[PDB]
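Take a look at the structure below.
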Amino acid sequence: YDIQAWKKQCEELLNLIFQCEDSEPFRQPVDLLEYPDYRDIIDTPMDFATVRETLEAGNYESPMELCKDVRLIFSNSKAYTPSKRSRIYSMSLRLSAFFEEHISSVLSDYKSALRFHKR
Ligand SMILES: Cc1n[nH]cc1CNc1ccccc1F
């Protein structure tokens with residue numbers, strides 16, 4: 001029933017993601033000195049610190065918006081990887097599976113609470 005509960009649920013999930021070793025390449029914006037052509041390939045960079053800061057600033061209205069940005073981290077990894085077997089892309093696949101497994105109930109609970117609110 002709680003329309004606001006998603007926010008703390010997303011903070012807790014982001015805390016788990018930051019503890020997870022697989023998130024290391026995704027915690028901060030990609031450094032252009034390390035990957036000089038990054039912006040030639042990726043139009044909209046995204047990383048977990050930016051997601052956490054957007055959430056803490058009160059700049060997400062729903063968990064769907066946060067999901068869209070987290071999914072952008074993973075699609076940017078798939079777009080920039082030179083191979084489906086690269087280290088960083090393999091880490092992104094595992095982290096994405098972990099994220100999707102945990103975000104499902106957050107999204108479901110929010111959409112149910114909102115449908116109850118508008119009944
Ligand atoms: C993100 C990010 N973190 N660290 C480097 C990058 C750039 N992306 C990337 C690079 C190589 C293989 C696979 C990839 F997705």
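Along the sequence shown, residues carry numbers from 1. The basis for the numbers below is simple: all heavy atoms, side chains too, and nothing from hydrogens, waters or symmetry mates.
Side chain of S75 to backbone of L72: a donor-acceptor contact under 3.5 angstrom is found. Of the possible donor and acceptor atoms, none in the side chain of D37 sits under 3.5 Å from a partner among the backbone N and O of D40. Although no hydrogens or angles enter the test, the distance criterion places a donor-acceptor pair under 3.5 Å between the side chain of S92 and the main chain of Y89. No donor-acceptor pair under 3.5 Å is formed between the side chain of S86 and the backbone N or O of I88.
Remark: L13 CG to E101 CD distance equals 10.0 Å, nearest 0.5 Å. Here the CG atom belonging to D69 is positioned 13.0 Å from the CE atom belonging to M64, to the nearest 0.5 angstrom. To the nearest 0.5 angstrom, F18 atom CZ is 7.5 Å from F48 atom CZ. Here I3 contributes atom CD1 and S62 contributes atom OG; the two are 12.5 Å apart, rounded to the nearest 0.5 Å. One distance of note links NE2 of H102 with CD of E12; it measures 11.0 Å at 0.5 Å rounding. Taking CZ from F99 and CG from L66, the interatomic distance works out to 6.0 Å, rounded to the nearest 0.5 Å.
Contact check for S23 versus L95: side-chain heavy atoms found under the 4.5 Å cut-off. Taking the side chain as every heavy atom from C-beta outward, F98 and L16 approach each other to under 4.5 Å. Between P25 and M91, the closest side-chain pair of non-hydrogen atoms falls below 4.5 Å. Between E24 and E21, the closest side-chain pair of non-hydrogen atoms is not below 4.5 Å. Between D109 and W6, the closest side-chain pair of non-hydrogen atoms is not below 4.5 Å.
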May I have the list of side-chain donor-acceptor pairs in residues 111-119 shorter than 3.5 Å, sequence neighbours left out?
residue : atom : partner : partner atom : Å
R119    : NH1  : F116    : O            : 2.9

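Contact record, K84 with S90: O-OG, 4.2 Å, taken as the closest heavy-atom pair. Across all their heavy atoms, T81 and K78 have their closest contact at CG2-O, 3.3 Å. Contact between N15 and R52 at its shortest, heavy atoms only, is OD1-NH2, 2.8 Å. Considering all non-hydrogen atoms of both residues, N76 and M46 come closest at ND2-N, 3.6 Å. Heavy atoms only, all atoms of each residue included: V51 and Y60 are closest at O-CE1, 3.4 Å. Considering every non-hydrogen atom in both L55 and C10, the closest pair reads CD2-CB, 3.9 Å.
The side-chain hydrogen bond (donor to acceptor under 3.5 Å, both in side chains) check on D47 picks up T50, with sequence neighbours excluded.
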key: Derivation and outcome, side chain to side chain contact (heavy atoms under 4.5 Å, CB included), residues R71 and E100   = CA-CA 9 Å; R71 284 166 174 178; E100 290 301 330; 2.8 Å; yes

request  = Go through the steps to decide whether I17 and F26 satisfy the test side chain to side chain contact (heavy atoms under 4.5 Å, CB included), and finish with yes or no.
outcome  = CA-CA 10 Å; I17 288 168; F26 310 106; over 6 Å; no

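Hydrophobic clustering of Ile, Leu, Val, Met, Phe, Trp and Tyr side chains at less than 4.5 Å, counting indirect connections, keeps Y110 apart from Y1.
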